[PDB]
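Participant: Just passing along the structure, written as structure tokens.
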Number of protein chains: 2
Amino acid sequence: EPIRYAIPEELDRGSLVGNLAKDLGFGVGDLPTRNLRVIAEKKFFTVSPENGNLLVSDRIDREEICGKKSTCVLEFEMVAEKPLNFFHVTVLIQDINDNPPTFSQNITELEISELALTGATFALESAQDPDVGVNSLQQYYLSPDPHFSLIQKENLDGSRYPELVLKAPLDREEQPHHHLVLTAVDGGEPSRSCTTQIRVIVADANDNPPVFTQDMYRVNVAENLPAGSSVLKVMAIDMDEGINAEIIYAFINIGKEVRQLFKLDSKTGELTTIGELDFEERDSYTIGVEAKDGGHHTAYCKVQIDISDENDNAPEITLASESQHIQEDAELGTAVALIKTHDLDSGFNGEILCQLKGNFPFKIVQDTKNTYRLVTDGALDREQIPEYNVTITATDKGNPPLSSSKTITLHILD
Amino acid sequence: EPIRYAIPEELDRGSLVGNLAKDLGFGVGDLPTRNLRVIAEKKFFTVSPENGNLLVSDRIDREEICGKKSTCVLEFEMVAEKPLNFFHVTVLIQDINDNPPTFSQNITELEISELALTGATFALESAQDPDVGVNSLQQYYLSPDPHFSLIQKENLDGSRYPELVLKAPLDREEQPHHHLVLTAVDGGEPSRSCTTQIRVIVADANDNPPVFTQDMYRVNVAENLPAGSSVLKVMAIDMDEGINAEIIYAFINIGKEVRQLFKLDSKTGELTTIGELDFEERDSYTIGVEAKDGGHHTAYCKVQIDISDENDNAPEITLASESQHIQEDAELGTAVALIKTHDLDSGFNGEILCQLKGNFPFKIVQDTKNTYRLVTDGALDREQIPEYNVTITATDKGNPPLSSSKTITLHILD
Ligand SMILES: [Ca+2]
Ligand SMILES: [Ca+2]
Ligand SMILES: [Ca+2]
Ligand SMILES: [Ca+2]
Ligand SMILES: [Ca+2]
Ligand SMILES: [Ca+2]
Ligand SMILES: [Ca+2]
Ligand SMILES: [Ca+2]
Ligand SMILES: [Ca+2]
Ligand SMILES: [Ca+2]
Ligand SMILES: [Ca+2]
Ligand SMILES: [Ca+2]
Ligand SMILES: [Ca+2]
Ligand SMILES: [Ca+2]
Ligand SMILES: [Ca+2]
Ligand SMILES: [Ca+2]
Ligand SMILES: [Ca+2]
Ligand SMILES: [Ca+2]
């Protein structure tokens with residue numbers, strides 16, 4: 001007694017579903033006398049009491065009725081009169097591919113670090129299709145990109161979902177963004193399609209250690225350099241981004257001799273002096289510099305600071321004599337006093353020229369480069385001149401030249 | 001004429017350096033008459049005018065005089081009288097191993113990430129030795145540790161510096177700290193030594209992706225569940241530290257049908273309901289959950305939420321008749337009205353028991369599980385009772401049971 005029909009959805013009003021009169025043993029000779037009607041909470045079908053045909057009266061949208069059910073059937077009752085009887089009529093609504101696939105968003109972003117190995121799989125969002133059956137099964141295609149490809153797997157129910165695969169390593173320092181296009185095409189007639197853009201943001205990874213612009217920082221300064229003066233500036237380049245590019249500079253393998261003399265900026269890398277340079281104490285400094293980032297990648301270089309000799313030391317004079325006593329009967333050339341000179345500076349700043357300032361019966365006789373001898377070159381007499389105030393002046397050959405004066409009293413004994 | 005001596009440093013006062021009288025052709029017969037003296041800005045040596053010997057007068061510290069020079073010589077002048085002459089005396093001070101090595105700090109810290117490959121080299125700070133020669137060359141020894149070893153290289157000048165090498169991979173999740181002891185021993189007699197402790201801090205690396213406690217979160221709720229009620233709580237474990245352990249929870253591959261129904265906490269991972277559940281619309285929800293950390297490591301699990309059927313729908317009654325008109329001459333059993341019942345709920349909540357509330361000359365005759373027929377079971381007469389107000393009550397078999405009342409007026413025609 002029950003009867004089932006099968007019509008496609010989205011049929012215009014008046015489309016023939018079937019002949020309920022012919023298909024139930026109802027002769028037309030008593031059709032209007034039985035008043036064939038259709039009772040239903042949702043009025044989707046009507047019956048013409050003239051011929052007994054079951055037609056449609058409203059829009060039959062399968063997605064509004066059943067949704068995503070595999071089978072969409074409608075069960076209503078038909079009422080006849082004289083006598084009153086019920087006729088259960090089932091109507092299976094067939095699904096047509098009238099709805100295209102849709103992604104949740106037109107543009108989707110994905111963050112992938114540079115450390116993604118070749119072959120890494122990244123999950124993608126599947127497209128939804130309001131239809132069922134073959135009109136809902138999707139085929140996913142990715143636009144050709146030399147870095148990314150697409151693999152398509154199936155679930156247990158047969159539904160297909162895309163997954164992004166990496167076929168080329170990602171280098172943010174070469175290309176931080178990748179624009180892909182994913183297209184979902186269902187397997188119905190006609191084949192409806194939709195596209196979406198995938199913005200792949202290459203996340204930074206600490207894979208580039210710091211690199212100094214110079215493997216050796218060699219500079220020459222003077223020892224009279226004041227404290228705090230700028231000596232040089234080391235520079236390191238880190239091609240990464242953010243914390244993986246911030247560089248801190250610091251000294252390594254250093255001692256208190258150099259720690260109390262120089263200062264390295266932890267941010268700008270400027271090398272200054274916190275102490276006093278002295279060419280006589282140390283003429284060359286070799287310091288190791290460390291460049292470290294957030295990823296603990298270290299870079300090492302050496303800095304050599306040369307110091308020039310400045311004429312900041314005056315020649316001192318050392319004298320010696322036989323209790324600074326001279327016999328008035330001494331012969332010409334008798335050693336009266338011994339002179340020793342030395343200058344702490346090097347080069348021509350250390351060479352000394354000793355002079356005899358004044359007019360005395362003596363003369364300077366050079367023996368070595370630093371030892372002089374004061375001999376007699378005139379007559380002596382206690383009752384005439386009892387004492388001589390001999391002044392010795394030694395001047396270096398630097399620029400500006402410095403000198404010192406050493407006066408010794410030489411008594412004349414009888 | 002110049003003469004050079006060679007004595008070790010740190011000699012007590014009165015130690016014999018040499019016989020300047022014997023070594024310069026000076027007979028003792030005229031030794032005190034020449035008054036042998038030593039002129040020097042830094043008084044380190046003296047000469048006894050009785051025998052002509054050159055002795056020491058103060059502490060001879062080679063580190064205070066020359067520092068770290070390879071050769072430490074002292075050049076002073078000797079003064080003789082009658083006649084006055086100069087005698088240049090050179091004294092080479094030999095270095096003794098009287099100073100032990102020293103590190104810049106007793107405890108040094110080093111940060112090494114877990115990604116350090118087997119064989120990675122890490123620079124160490126060398127020990128300083130105030131002496132020179134073999135008394136300054138250091139031998140570095142590291143305490144045996146199954147993770148670290150020591151390699152020793154030489155510079156161009158022959159000085160030796162230690163470097164730390166990694167022979168076993170570092171896992172912070174297994175051991176975040178490593179306590180090492182580095183010892184520096186110089187090559188002098190006696191061999192002086194010093195130690196230092198190296199605190200190796202294993203820096204964290206995002207190498208542990210999130211892991212869910214359950215690969216499947218299956219729960220069953222009721223459709224009358226209010227909005228905002230706690231459904232379940234997903235949990236992910238990240239064994240890393242800091243940013244590499246903070247986990248965010250979010251839905252993946254979801255649509256507006258489920259997005260408008262549930263809410264996943266991005267921090268606590270608690271799943272709540274922002275919509276109204278309906279067993280008649282959908283009975284099971286399958287949602288994908290993503291667990292992502294700072295290192296972009298993803299973890300995926302599925303959550304299945306089942307819904308129980310609640311008796312929240314009352315059975316509705318559909319009636320039909322021949323214009324609700326009855327002939328008073330109708331035979332017993334004539335179909336007067338047609339009854340159709342259906343309940344949207346499932347199970348026993350959907351099964352319906354139709355009753356005939358009141359006393360009328362009619363009775364309910366069941367045809368199918370949902371269709372009833374009201375037939376005649378008594379006499380009829382228009383002039384006696386012209387109309388009947390038949391009340392139909394249909395009650396479901398749920399808990400609590402719900403029911404509806406449908407009253408139709410049936411006129412008696414003559
Ligand atoms: Ca449709
Ligand atoms: Ca459809
Ligand atoms: Ca479709
Ligand atoms: Ca890179
Ligand atoms: Ca990078
Ligand atoms: Ca870096
Ligand atoms: Ca100076
Ligand atoms: Ca100088
Ligand atoms: Ca000078
Ligand atoms: Ca010493
Ligand atoms: Ca020494
Ligand atoms: Ca030593
Ligand atoms: Ca680990
Ligand atoms: Ca870790
Ligand atoms: Ca992690
Ligand atoms: Ca409900
Ligand atoms: Ca229900
Ligand atoms: Ca019910």
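Lettering and numbering for the structure tokens are positional, with chains as A, B, ... in the shown order, residues counted from 1 in each chain, and ligands counted from 1 in the shown order.
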Enumerate, as a PyMOL selection string, the complete set of residues in segment 118-337 of chain A that a backbone-based DSSP assignment places in strand (DSSP E).

Facilitator: chain A and resi 121-123+138-142+148-154+160-166+177-186+193-203+211-212+216-222+230-233+236-237+248-252+262-264+270-273+284-292+298-308+316-321+325-327+337

Participant: Within 8 Å of chain A, which residues of chain B show up when using only C-alpha atoms, listed as a PyMOL selection string?

Facilitator: chain B and resi 79+81-86+104+111-113+124-126+128+252-253+255+295-296+320-322+334-338+371

Participant: Taking 4 positions as the minimum chain separation for residues in the same chain, which residues sit within 6 Å of residue 198 of chain B when counting only C-alpha atoms? Answer as a list in words.

Facilitator: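 Selected residues are residues 107, 108, 109, 179 and 180 of chain B.
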
Participant: Write out as a VMD selection string the set of residues from segment 195-389 of chain B that DSSP, computed on the backbone, places in helix (DSSP H, G or I).

Facilitator: chain B and resid 242 to 244 256 to 259 347 to 349

Participant: Counting only C-alpha atoms and all ligand atoms, figure out which residue out of A:119, A:210, A:228, A:8 gets nearest to ligand 6.

Facilitator: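 Checking each of A:119, A:210, A:228, A:8 against ligand 6, counting only C-alpha atoms and all ligand atoms, the winner is A:210.
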
Participant: Calculate how many Å separate atom CA of residue 413 of chain B from atom CA of residue 363 of chain B, rounding to one decimal.

Facilitator: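 Taking atom CA of residue 413 of chain B and atom CA of residue 363 of chain B, their separation equals 19.5 Å.
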
Participant: List all protein, DNA and RNA residues that have at least one atom no more than 9 Å from any atom of ligand 5, counting only C-alpha atoms and all ligand atoms, and write them as an mmCIF file with N, CA and C atoms, in the first residue's frame.

Facilitator:
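Below is the file part.cif, written as the result:
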data_model
loop_
_atom_site.group_PDB
_atom_site.id
_atom_site.type_symbol
_atom_site.label_atom_id
_atom_site.label_comp_id
_atom_site.auth_asym_id
_atom_site.auth_seq_id
_atom_site.Cartn_x
_atom_site.Cartn_y
_atom_site.Cartn_z
ATOM 1 N N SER A 113 58.231 27.817 10.448
ATOM 2 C CA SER A 113 59.606 28.202 10.725
ATOM 3 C C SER A 113 60.535 27.719 9.613
ATOM 4 N N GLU A 114 61.730 28.312 9.569
ATOM 5 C CA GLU A 114 62.722 27.923 8.574
ATOM 6 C C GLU A 114 63.223 26.501 8.781
ATOM 7 N N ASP A 171 63.734 29.624 3.544
ATOM 8 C CA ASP A 171 64.744 30.571 4.004
ATOM 9 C C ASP A 171 64.086 31.941 4.098
ATOM 10 N N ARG A 172 63.829 32.396 5.328
ATOM 11 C CA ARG A 172 63.206 33.702 5.514
ATOM 12 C C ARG A 172 64.100 34.825 5.011
ATOM 13 N N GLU A 173 65.420 34.660 5.124
ATOM 14 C CA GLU A 173 66.356 35.662 4.632
ATOM 15 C C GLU A 173 66.351 35.774 3.113
ATOM 16 N N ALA A 203 58.337 31.881 9.475
ATOM 17 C CA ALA A 203 58.784 32.321 10.788
ATOM 18 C C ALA A 203 60.303 32.256 10.881
ATOM 19 N N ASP A 204 60.885 33.220 11.587
ATOM 20 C CA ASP A 204 62.335 33.304 11.677
ATOM 21 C C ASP A 204 62.888 32.225 12.600
ATOM 22 N N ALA A 205 64.061 31.708 12.245
ATOM 23 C CA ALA A 205 64.781 30.735 13.052
ATOM 24 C C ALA A 205 66.235 31.165 13.161
ATOM 25 N N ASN A 206 66.800 31.036 14.361
ATOM 26 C CA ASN A 206 68.176 31.461 14.620
ATOM 27 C C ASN A 206 69.133 30.469 13.965
ATOM 28 N N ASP A 207 69.352 30.663 12.665
ATOM 29 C CA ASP A 207 70.264 29.825 11.899
ATOM 30 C C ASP A 207 71.435 30.601 11.311
ATOM 31 N N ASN A 208 71.483 31.919 11.495
ATOM 32 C CA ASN A 208 72.580 32.741 10.993
ATOM 33 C C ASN A 208 73.360 33.321 12.165
ATOM 34 N N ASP A 238 73.777 40.367 11.712
ATOM 35 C CA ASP A 238 72.933 39.201 11.957
ATOM 36 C C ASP A 238 71.710 39.319 11.058
ATOM 37 N N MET A 239 71.620 38.439 10.061
ATOM 38 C CA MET A 239 70.572 38.511 9.050
ATOM 39 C C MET A 239 69.215 38.026 9.545
ATOM 40 N N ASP A 240 69.107 37.598 10.802
ATOM 41 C CA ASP A 240 67.843 37.085 11.316
ATOM 42 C C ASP A 240 66.896 38.217 11.694
ATOM 43 N N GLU A 241 65.865 37.908 12.478
ATOM 44 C CA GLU A 241 64.817 38.861 12.809
ATOM 45 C C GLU A 241 64.528 38.832 14.302
ATOM 46 N N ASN A 244 66.657 36.980 17.466
ATOM 47 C CA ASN A 244 67.723 36.253 16.786
ATOM 48 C C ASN A 244 68.684 37.169 16.037
ATOM 49 N N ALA A 245 68.501 38.488 16.111
ATOM 50 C CA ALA A 245 69.391 39.436 15.460
ATOM 51 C C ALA A 245 70.010 40.448 16.413
#

Participant: Mind checking which residues fall within 9 Å of residue 73 of chain B, counting only C-alpha atoms, ignoring those fewer than 4 positions away in the same chain, and posting them as a ChimeraX atom specification?

Facilitator: /B:6,66,90-94

Participant: Can you pull out every residue with an atom within 9 Å of ligand 16? Use only C-alpha atoms and all ligand atoms and format it as a PyMOL selection string.

Facilitator: chain B and resi 223-224+277-281+309-313+344-345

Participant: So that I can see what lies close to residue 259 of chain A, please list as a PyMOL selection string the residues with an atom at most 10 Å from it, counting only C-alpha atoms and leaving out residues fewer than 6 positions away in the same chain.

Facilitator: chain A and resi 251+273-275+287

Participant: Please produce an output containing C-alpha atoms for each residue in the selection, written as a compact mmCIF listing (two decimals), in the first residue's frame.

Facilitator:
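Saved as out.txt:
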# COMPACT_ATOMS: atom_id res chain seq x y z
CA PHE A 251 85.43 40.95 26.04
CA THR A 273 89.12 53.93 27.30
CA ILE A 274 88.38 53.95 31.03
CA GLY A 275 92.06 54.20 31.99
CA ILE A 287 91.71 41.76 22.99

Participant: Calculated over only C-alpha atoms, which of the candidates A:202, A:330, A:352, A:225 has the smallest distance to residue 376 of chain A?

Facilitator: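 Looking only at the distances to residue 376 of chain A, the closest residue turns out to be A:330.
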
Participant: So that each row is one residue of chain B with an atom at most 9 Å from ligand 11, can you give its shortest atom pair and the distance in Å to one decimal, using only C-alpha atoms and all ligand atoms, rows by chain and rising number, as a tab-separated table?

Facilitator:
residue	atom	partner	partner_atom_place_in_ligand_line	distance
B:9	CA	ligand 11	1 (Ca)	7.3
B:10	CA	ligand 11	1 (Ca)	8.5
B:61	CA	ligand 11	1 (Ca)	7.2
B:62	CA	ligand 11	1 (Ca)	5.8
B:63	CA	ligand 11	1 (Ca)	6.1
B:94	CA	ligand 11	1 (Ca)	8.1
B:95	CA	ligand 11	1 (Ca)	4.6
B:96	CA	ligand 11	1 (Ca)	4.5
B:97	CA	ligand 11	1 (Ca)	5.0
B:98	CA	ligand 11	1 (Ca)	5.2
B:99	CA	ligand 11	1 (Ca)	6.0
B:129	CA	ligand 11	1 (Ca)	9.0
B:130	CA	ligand 11	1 (Ca)	6.7
B:131	CA	ligand 11	1 (Ca)	4.4
B:132	CA	ligand 11	1 (Ca)	7.0
B:135	CA	ligand 11	1 (Ca)	7.5
B:136	CA	ligand 11	1 (Ca)	8.9

Participant: Keeping N, CA and C atoms for every residue in the selection just given, could you write it to a file as a CSV table (one decimal), in the first residue's frame?

Facilitator:
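And here's result_38.csv as it stands now:
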chain,number,residue,atom,x,y,z
B,9,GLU,N,115.4,35.3,41.0
B,9,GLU,CA,114.7,36.3,41.8
B,9,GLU,C,114.3,35.9,43.2
B,10,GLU,N,113.8,36.8,44.0
B,10,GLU,CA,113.3,36.5,45.3
B,10,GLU,C,114.4,35.9,46.2
B,61,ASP,N,111.5,41.2,42.9
B,61,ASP,CA,110.3,40.6,42.4
B,61,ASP,C,110.3,40.8,40.9
B,62,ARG,N,110.5,39.7,40.1
B,62,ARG,CA,110.5,39.9,38.6
B,62,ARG,C,109.2,40.4,38.0
B,63,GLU,N,108.1,40.1,38.7
B,63,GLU,CA,106.8,40.5,38.2
B,63,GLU,C,106.6,42.0,38.4
B,94,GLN,N,116.5,35.9,36.7
B,94,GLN,CA,115.9,34.7,36.2
B,94,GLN,C,114.5,34.5,36.9
B,95,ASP,N,113.6,33.9,36.1
B,95,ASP,CA,112.2,33.7,36.6
B,95,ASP,C,112.1,32.4,37.3
B,96,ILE,N,111.5,32.4,38.5
B,96,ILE,CA,111.2,31.2,39.3
B,96,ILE,C,109.6,31.1,39.3
B,97,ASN,N,109.2,29.9,39.4
B,97,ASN,CA,107.7,29.6,39.4
B,97,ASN,C,107.2,29.8,40.9
B,98,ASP,N,107.0,31.0,41.2
B,98,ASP,CA,106.6,31.4,42.6
B,98,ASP,C,105.1,31.9,42.6
B,99,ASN,N,104.5,32.1,41.4
B,99,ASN,CA,103.1,32.5,41.3
B,99,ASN,C,102.3,31.4,40.7
B,129,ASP,N,99.1,33.7,34.2
B,129,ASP,CA,100.2,33.4,35.0
B,129,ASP,C,101.2,34.6,35.0
B,130,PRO,N,101.5,35.2,36.1
B,130,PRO,CA,102.4,36.4,36.1
B,130,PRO,C,103.8,36.0,35.7
B,131,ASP,N,104.2,34.8,35.7
B,131,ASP,CA,105.6,34.4,35.3
B,131,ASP,C,105.7,34.3,33.8
B,132,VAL,N,106.9,34.0,33.4
B,132,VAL,CA,107.2,33.9,31.9
B,132,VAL,C,107.9,32.5,31.7
B,135,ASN,N,107.4,28.6,33.2
B,135,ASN,CA,106.6,28.8,34.4
B,135,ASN,C,105.3,29.5,34.1
B,136,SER,N,105.0,29.8,32.8
B,136,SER,CA,103.7,30.4,32.4
B,136,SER,C,102.9,29.5,31.5

Participant: Taking into account only C-alpha atoms, which residue in the set B:369, B:411, B:42, B:68 is nearest to residue 341 of chain B?

Facilitator: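 Among the listed residues, B:369 lies closest to residue 341 of chain B.
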
Participant: From the set A:222, A:326, A:291, A:24, which residue has the shortest atom-to-atom contact distance to ligand 7, counting only C-alpha atoms and all ligand atoms?

Facilitator: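 Comparing A:222, A:326, A:291, A:24 against ligand 7, the winner is A:222.
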